[PDB]
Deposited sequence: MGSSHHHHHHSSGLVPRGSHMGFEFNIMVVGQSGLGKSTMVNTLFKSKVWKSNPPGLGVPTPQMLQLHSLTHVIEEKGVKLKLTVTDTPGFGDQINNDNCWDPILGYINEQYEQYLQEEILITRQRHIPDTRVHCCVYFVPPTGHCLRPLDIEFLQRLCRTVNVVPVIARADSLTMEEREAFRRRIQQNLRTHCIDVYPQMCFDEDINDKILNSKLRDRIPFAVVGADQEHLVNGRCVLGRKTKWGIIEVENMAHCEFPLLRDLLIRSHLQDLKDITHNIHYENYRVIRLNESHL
């Protein structure tokens, strides 16, 4: 019943706002200077299904002049959870339920530059997708027009293919034809053009999360405004269990194979 998300990206990309946008979404009838990793856990529920959701907010990388090996604090934390799960699994006397602190999905925030992936993003995504499920998003997508979001999305998809970045949902995990059709529609939308908002607003008799601009409000849970519902339903509803299966059966097993061979 445990599910762990981690937001990863440069500072000023709306990551902390996105953590609050998830934890206060209207899908649920239940309302609820950083320099280290901070995990926020809330045992949420939707329609009679209890879920212990944990979202780990990360400090900003890429803000320094020298950002070489800035991925190691994140890659080190992910491997720590694999190592702790492995040590609990190899004990002679084990716990009846091993606590699952492994990251089941990483949400990587791409700056809305409108150009393409930067060398920093490529190096981070290449090493992240090797050990964890990664779903990239176009951060603060409202800073780009609808036509610019689509063109920027396509160029990123081209960068992911040229640099061999297998992003969730990985095409090598679609067995059923129904999965091949549903996931192909998702990969066409990744990276999601997301917009975050932790502020509520009264919009004609409805309470909604949104960003207040000059000529209206950007309802973040409205598909006609942004693609946050696509990211939200993937993580919480449609692909929650599949993310946990791939984390356990693929990523953790790969870590286990390496550790037991070098031992």
Where the deposited sequence has no C-alpha coordinates (positions from 1, in order): 1-22, 55-62, 294-295
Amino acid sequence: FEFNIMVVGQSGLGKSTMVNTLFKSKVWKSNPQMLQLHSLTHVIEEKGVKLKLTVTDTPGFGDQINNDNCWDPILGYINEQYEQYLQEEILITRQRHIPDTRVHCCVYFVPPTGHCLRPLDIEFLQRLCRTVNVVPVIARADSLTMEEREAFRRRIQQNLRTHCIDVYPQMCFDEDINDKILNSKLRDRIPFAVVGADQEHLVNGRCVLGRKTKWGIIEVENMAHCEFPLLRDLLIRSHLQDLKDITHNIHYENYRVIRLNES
From here on, numbers count along this sequence of modelled residues.
Segment of higher mean CA temperature factor, 217-225 or 42-50: 42-50
Of 78-86 and 170-178, the one with larger mean CA B-factor: 170-178
Entry-reported Cα temperature factor of residue 10, expressed as the chain third it lands in: middle
Position of residue 142 among the chain's modelled residues by C-alpha B-factor, lowest, middle or highest third: lowest
Within-chain third of residue 159 by Cα B-factor, per the entry: middle
Relative C-alpha B-factor of residue 248, binned into the chain's lowest, middle or highest third: lowest
Residue 203 by Cα B-factor - lowest, middle or highest third of the modelled chain: highest
